[PDB]
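Notes for the one structure printed next.
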Amino acid sequence: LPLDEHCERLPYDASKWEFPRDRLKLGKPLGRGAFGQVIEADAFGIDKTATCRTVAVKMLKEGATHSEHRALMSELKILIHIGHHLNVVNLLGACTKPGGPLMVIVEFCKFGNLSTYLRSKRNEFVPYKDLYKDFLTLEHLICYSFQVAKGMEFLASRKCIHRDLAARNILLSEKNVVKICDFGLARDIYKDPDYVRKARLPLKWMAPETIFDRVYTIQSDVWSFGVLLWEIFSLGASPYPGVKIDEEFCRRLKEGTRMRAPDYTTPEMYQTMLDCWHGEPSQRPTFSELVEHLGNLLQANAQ
Ligand SMILES: Cn1ccc2ncnc(Oc3ccc(NC(=O)Nc4cccc(C(F)(F)F)c4)c(F)c3)c21
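Under the entry's author numbering, the letters of the sequence shown match residues 811 to 939, 994 to 1062, 1065 to 1169, in that order.
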């Protein structure tokens, strides 16, 4: 059975993952939706003996019901199944004992979501480079792209699909490391511009077969990855500039309409975007192929 569609059968080994709520000092919110939220916190010795560590805690909030409670437990189970990889949100522990809220504790990614971050660095970017000390460069952008591909290749190896891949679901940590994540309930899709009534769906990131056939596969994730690449090389711009996301937009996508090259892209990266947007899912590159390709482009950029 699907590892992420039938996660209720997955194990939750409390002896390994349970963390005492009294060793968690909850702080300010990092993101909030209608029923869920992520809060910054200080965990004592969650990953290193007697060491304070800033972490992110995903949990529910006022408005949530038992259904969201069950959903959060499934999220915990799937994160345990997926396991650890440098480019995937890293689960550190959980608080599941009665008397308090269910809390999923993950590694804190200092810079938050990549979409917001990149959009904030427009005045701190140079293709190639003390004055530019903290400037982003093409190397950074290609590296982020490469890392997300690595994370998705890993996710695929765990027999899971993302279903909402986008820059808003990529976190940036220290040392230029990015991690794939899924805010889920910690974002209110019914109030977010990126989700449209079609049922709130991220239409601008969805492959044709997902929009018209409701089909979700790792190859539809590849299409989304292409849109993510566009977001990266546009430094956080919103996809399909000035385009009304309606029935006509979907029809045109089917026909072959694609976004033009973003301002900061290289010719190779734009071609990669177009490849990810092939109408036929089987003709789109696989994440393993993207890892190879992007790794080569990253190396080439250093030349
Ligand atoms: C908002 N925010 C700012 C800094 C920060 N650092 C870590 N996590 C954050 O928020 C989180 C985002 C998502 C999750 N959860 C999550 O990513 N679950 C999930 C569920 C199924 C699949 C996957 C994926 F790995 F496939 F993406 C992730 C989380 F706990 C905290 C942070």
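Cβ coordinates follow ideal geometry from the N, Cα and C atoms, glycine included.
Exposure label - residue i; buried when at least 16 CB within 10 Å
i       : result
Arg1080 : exposed
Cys1045 : buried
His894  : exposed
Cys862  : exposed
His816  : exposed
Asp1112 : exposed
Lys1070 : buried
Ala853  : buried
Residues that residue i bridges to, as DSSP identifies them
i       : result
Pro812  : Paired residues: none, contrary to the question.
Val1081 : In the DSSP output, where bridge partners are listed per residue, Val1081 has none listed.
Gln847  : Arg842 and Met869
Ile1044 : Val898 and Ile1034
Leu1067 : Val1060
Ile915  : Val867 and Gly903
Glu1075 : DSSP output for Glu1075 lists no bridge partner at all.
Any non-hydrogen atom of ligand 1 within 6 angstroms of residue i CB
i       : result
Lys1023 : no
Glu885  : yes
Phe845  : no
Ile1111 : no
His1026 : yes
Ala866  : yes
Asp1052 : no
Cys817  : no
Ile888  : yes
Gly909  : no
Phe1018 : no
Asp857  : no
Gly1102 : no
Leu840  : yes
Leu1119 : no
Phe829  : no
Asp994  : no
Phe1047 : yes
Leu1035 : yes
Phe918  : yes
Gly893  : no
Selection from the options that minimises the alpha carbon distance to residue i
i       : options                              : result
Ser925  : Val936, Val1042 and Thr906           : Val1042
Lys826  : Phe845, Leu902, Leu840 and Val848    : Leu902
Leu870  : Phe845, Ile1025 and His1026          : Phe845
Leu834  : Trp1096, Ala1030, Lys1070 and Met913 : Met913
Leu1094 : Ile1084, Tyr1059 and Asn1033         : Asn1033
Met1135 : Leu995, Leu1005, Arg842 and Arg880   : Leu1005
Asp1056 : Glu1003, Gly843 and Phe935           : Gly843
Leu1163 : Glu1003, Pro812 and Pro830           : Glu1003
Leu1067 : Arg929, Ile1053, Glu1075 and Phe1078 : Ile1053
Q. Should the region 1093-1106 be called in touch with the region 1042-1054, which here means at least 3 C-beta pairs below 8 angstroms?
A. no
Q.
Does the structure place the region 1089-1105 close enough to the region 1129-1141 that three or more beta carbon pairs sit under 8 angstroms?
A. They touch, by the three-pair rule.
Q. Per the contact definition of three or more C-beta pairs closer than 8 angstroms, is the region 1016-1031 in contact with the region 1148-1168?
A. yes
Q | Three CB pairs or more closer than 8 angstroms across the region 874-885 and the region 1086-1093 | A | no
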